[PDB]
Structure formats: structure tokens, C-alpha cells
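So the structure is just underneath, and the comments pick up after that.
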Amino acid sequence: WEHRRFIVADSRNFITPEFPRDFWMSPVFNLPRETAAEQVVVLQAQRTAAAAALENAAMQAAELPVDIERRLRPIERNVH
Amino acid sequence: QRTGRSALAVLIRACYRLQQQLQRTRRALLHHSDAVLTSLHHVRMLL
């Protein structure tokens, strides 16, 4: 056995909250069609894309000091 | 006759091909660094 009090769950049990006068004039409920939060996500992704493109370009352009040596040395030994 | 006229042929063949070897380096080294410039512009175009 066991004992407790009880409250009937009737459909008439309602609740009455209080709203502030300036509650609904919030900058969050009222959102424009385009916000800057998304622009942050796009711009960060573009910056990160440019970061990896920089390394790709660096590994591409690292051959510039290399390509010049082997085009001049076999002609230098040819003249000498 | 055949001695001095054939001796200069070695230098003729050397010079007329050293004239073209520098041209090949002129062309081959310009179409490669342009790729570097295009890649740099592409990287900026990512931004």
C-alpha cells in the first residue's frame, strides 16, 4: 500500500502568464530576410578556401628556383 | 680544302643551335610563370 493526495487533470486547468509591454518587440523574433550571421559563415569559408589555395600555389611556385638552374647549367658547360 | 672547310662546321652547328636553345628557354619559361600568375589571381578570386 501507499498514500498520497491527488489533483484531477481536467481540461479546464489553464495557466495565465504575464507579458512585458516590450516583450514582442525583440530583435530576435523580428528577423530580416538576410542576416549577417550567414555572411559570417560564407566569409569564413571563403577565407579558409583561400588559405589552402595559398599552399597549393606555394607548392606550385616552389619550382621557380629549380626550373632556372637546369636551363642554364647545360649551356654554361657547353660554353666552357 | 676539306680540312678547314669541315673544321668550321662544328662551330657552325654549335652556334646555330645555341641560337635556338635560348629561344626555347625564352618560350618555355614564359608559359610556366604565367601559370603562377594565373594561380595567384585565382587565389585572390577565391576572396
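Note on naming: chains are A, B, ... as they come in the C-alpha cells, residues start from 1 per chain, ligands start from 1 in the order shown.
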Please provide as a ChimeraX atom specification all residues within 12 Å of residue 75 in chain A, with the sequence filter that same-chain residues fewer than 2 positions apart are discarded (counting only C-alpha atoms). /A:68-73,77-80 /B:14-15,17-22,25
Output N, CA, C and O atoms of each residue in that selection to a file, as a short mmCIF file (atom, residue, chain, number, x, y, z; two decimals), in the first residue's frame.
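Output contents, as saved in part-v3.cif:
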```
data_model
loop_
_atom_site.label_atom_id
_atom_site.label_comp_id
_atom_site.auth_asym_id
_atom_site.auth_seq_id
_atom_site.Cartn_x
_atom_site.Cartn_y
_atom_site.Cartn_z
N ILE A 68 65.13 27.19 -63.24
CA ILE A 68 66.13 28.07 -63.84
C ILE A 68 67.52 27.42 -63.88
O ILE A 68 68.28 27.66 -64.82
N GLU A 69 67.85 26.61 -62.87
CA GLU A 69 69.20 26.05 -62.78
C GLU A 69 69.49 25.11 -63.95
O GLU A 69 70.54 25.22 -64.60
N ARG A 70 68.58 24.18 -64.23
CA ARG A 70 68.81 23.16 -65.24
C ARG A 70 68.60 23.66 -66.66
O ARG A 70 68.85 22.90 -67.61
N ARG A 71 68.13 24.89 -66.84
CA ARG A 71 68.09 25.51 -68.16
C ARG A 71 69.33 26.34 -68.47
O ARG A 71 69.55 26.69 -69.63
N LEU A 72 70.13 26.65 -67.45
CA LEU A 72 71.33 27.45 -67.65
C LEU A 72 72.61 26.63 -67.54
O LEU A 72 73.55 26.84 -68.31
N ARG A 73 72.66 25.69 -66.60
CA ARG A 73 73.89 24.91 -66.40
C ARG A 73 74.33 24.11 -67.63
O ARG A 73 75.53 24.13 -67.94
N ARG A 77 78.09 24.77 -69.22
CA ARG A 77 79.12 23.77 -69.51
C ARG A 77 79.36 23.65 -71.01
O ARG A 77 80.46 23.28 -71.43
N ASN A 78 78.34 23.95 -71.82
CA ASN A 78 78.52 23.95 -73.27
C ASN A 78 79.49 25.03 -73.71
O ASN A 78 80.36 24.79 -74.56
N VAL A 79 79.37 26.23 -73.14
CA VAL A 79 80.28 27.32 -73.49
C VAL A 79 81.68 27.05 -72.96
O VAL A 79 82.68 27.27 -73.66
N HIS A 80 81.79 26.56 -71.73
CA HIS A 80 83.08 26.24 -71.14
C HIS A 80 83.65 24.95 -71.72
O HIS A 80 84.66 24.96 -72.42
N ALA B 14 77.34 24.30 -83.62
CA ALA B 14 77.21 24.73 -82.23
C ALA B 14 76.48 26.06 -82.12
O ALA B 14 75.57 26.20 -81.30
N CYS B 15 76.86 27.05 -82.94
CA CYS B 15 76.28 28.38 -82.81
C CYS B 15 74.83 28.42 -83.30
O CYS B 15 73.97 29.02 -82.65
N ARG B 17 72.69 26.23 -83.16
CA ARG B 17 71.81 25.55 -82.23
C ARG B 17 71.80 26.21 -80.86
O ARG B 17 70.79 26.12 -80.14
N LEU B 18 72.89 26.89 -80.48
CA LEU B 18 72.84 27.74 -79.29
C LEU B 18 71.92 28.94 -79.51
O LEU B 18 71.39 29.49 -78.54
N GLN B 19 71.73 29.34 -80.77
CA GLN B 19 70.76 30.39 -81.06
C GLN B 19 69.33 29.93 -80.77
O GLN B 19 68.49 30.74 -80.36
N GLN B 20 69.04 28.64 -80.98
CA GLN B 20 67.69 28.13 -80.76
C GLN B 20 67.47 27.66 -79.33
O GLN B 20 66.33 27.69 -78.84
N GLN B 21 68.53 27.20 -78.66
CA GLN B 21 68.37 26.75 -77.28
C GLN B 21 67.93 27.88 -76.36
O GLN B 21 67.13 27.66 -75.45
N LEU B 22 68.45 29.09 -76.58
CA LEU B 22 67.99 30.25 -75.82
C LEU B 22 66.56 30.64 -76.17
O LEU B 22 65.82 31.08 -75.29
N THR B 25 64.30 28.30 -74.19
CA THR B 25 64.20 28.76 -72.81
C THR B 25 63.36 30.03 -72.70
O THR B 25 62.66 30.21 -71.70
#
```
If you take only C-alpha atoms and a cut-off of 12 Å, which residues of chain A touch chain B, and what are their nearest atom pairs and distances in Å to one decimal, in chain and number order, as JSON lines?
```
{"residue": "A:42", "atom": "CA", "partner": "B:47", "partner_atom": "CA", "distance": 10.7}
{"residue": "A:43", "atom": "CA", "partner": "B:47", "partner_atom": "CA", "distance": 8.4}
{"residue": "A:44", "atom": "CA", "partner": "B:47", "partner_atom": "CA", "distance": 10.2}
{"residue": "A:45", "atom": "CA", "partner": "B:47", "partner_atom": "CA", "distance": 9.9}
{"residue": "A:46", "atom": "CA", "partner": "B:47", "partner_atom": "CA", "distance": 6.1}
{"residue": "A:47", "atom": "CA", "partner": "B:47", "partner_atom": "CA", "distance": 6.6}
{"residue": "A:48", "atom": "CA", "partner": "B:46", "partner_atom": "CA", "distance": 9.6}
{"residue": "A:49", "atom": "CA", "partner": "B:46", "partner_atom": "CA", "distance": 6.9}
{"residue": "A:50", "atom": "CA", "partner": "B:46", "partner_atom": "CA", "distance": 5.7}
{"residue": "A:51", "atom": "CA", "partner": "B:43", "partner_atom": "CA", "distance": 8.6}
{"residue": "A:52", "atom": "CA", "partner": "B:43", "partner_atom": "CA", "distance": 9.1}
{"residue": "A:53", "atom": "CA", "partner": "B:43", "partner_atom": "CA", "distance": 5.8}
{"residue": "A:54", "atom": "CA", "partner": "B:43", "partner_atom": "CA", "distance": 6.7}
{"residue": "A:55", "atom": "CA", "partner": "B:43", "partner_atom": "CA", "distance": 10.0}
{"residue": "A:56", "atom": "CA", "partner": "B:39", "partner_atom": "CA", "distance": 8.9}
{"residue": "A:57", "atom": "CA", "partner": "B:39", "partner_atom": "CA", "distance": 6.3}
{"residue": "A:58", "atom": "CA", "partner": "B:36", "partner_atom": "CA", "distance": 9.2}
{"residue": "A:59", "atom": "CA", "partner": "B:36", "partner_atom": "CA", "distance": 10.4}
{"residue": "A:60", "atom": "CA", "partner": "B:36", "partner_atom": "CA", "distance": 7.3}
{"residue": "A:61", "atom": "CA", "partner": "B:36", "partner_atom": "CA", "distance": 6.3}
{"residue": "A:62", "atom": "CA", "partner": "B:36", "partner_atom": "CA", "distance": 10.0}
{"residue": "A:63", "atom": "CA", "partner": "B:33", "partner_atom": "CA", "distance": 9.9}
{"residue": "A:64", "atom": "CA", "partner": "B:33", "partner_atom": "CA", "distance": 7.8}
{"residue": "A:65", "atom": "CA", "partner": "B:33", "partner_atom": "CA", "distance": 11.4}
{"residue": "A:66", "atom": "CA", "partner": "B:29", "partner_atom": "CA", "distance": 11.6}
{"residue": "A:67", "atom": "CA", "partner": "B:29", "partner_atom": "CA", "distance": 8.1}
{"residue": "A:68", "atom": "CA", "partner": "B:29", "partner_atom": "CA", "distance": 8.3}
{"residue": "A:69", "atom": "CA", "partner": "B:25", "partner_atom": "CA", "distance": 11.5}
{"residue": "A:70", "atom": "CA", "partner": "B:25", "partner_atom": "CA", "distance": 10.5}
{"residue": "A:71", "atom": "CA", "partner": "B:25", "partner_atom": "CA", "distance": 6.9}
{"residue": "A:72", "atom": "CA", "partner": "B:25", "partner_atom": "CA", "distance": 8.9}
{"residue": "A:74", "atom": "CA", "partner": "B:21", "partner_atom": "CA", "distance": 10.4}
{"residue": "A:75", "atom": "CA", "partner": "B:18", "partner_atom": "CA", "distance": 8.1}
{"residue": "A:76", "atom": "CA", "partner": "B:18", "partner_atom": "CA", "distance": 11.0}
{"residue": "A:78", "atom": "CA", "partner": "B:14", "partner_atom": "CA", "distance": 9.1}
{"residue": "A:79", "atom": "CA", "partner": "B:18", "partner_atom": "CA", "distance": 9.4}
```
Report the residues of chain A whose backbone DSSP state falls under alpha helix (DSSP H), written as number ranges by chain. A: 36-61, 64-79
Measure the distance from CA of residue 16 in chain B to CA of residue 4 in chain B in Å and round it to one decimal.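 A separation of 18.5 Å between them.
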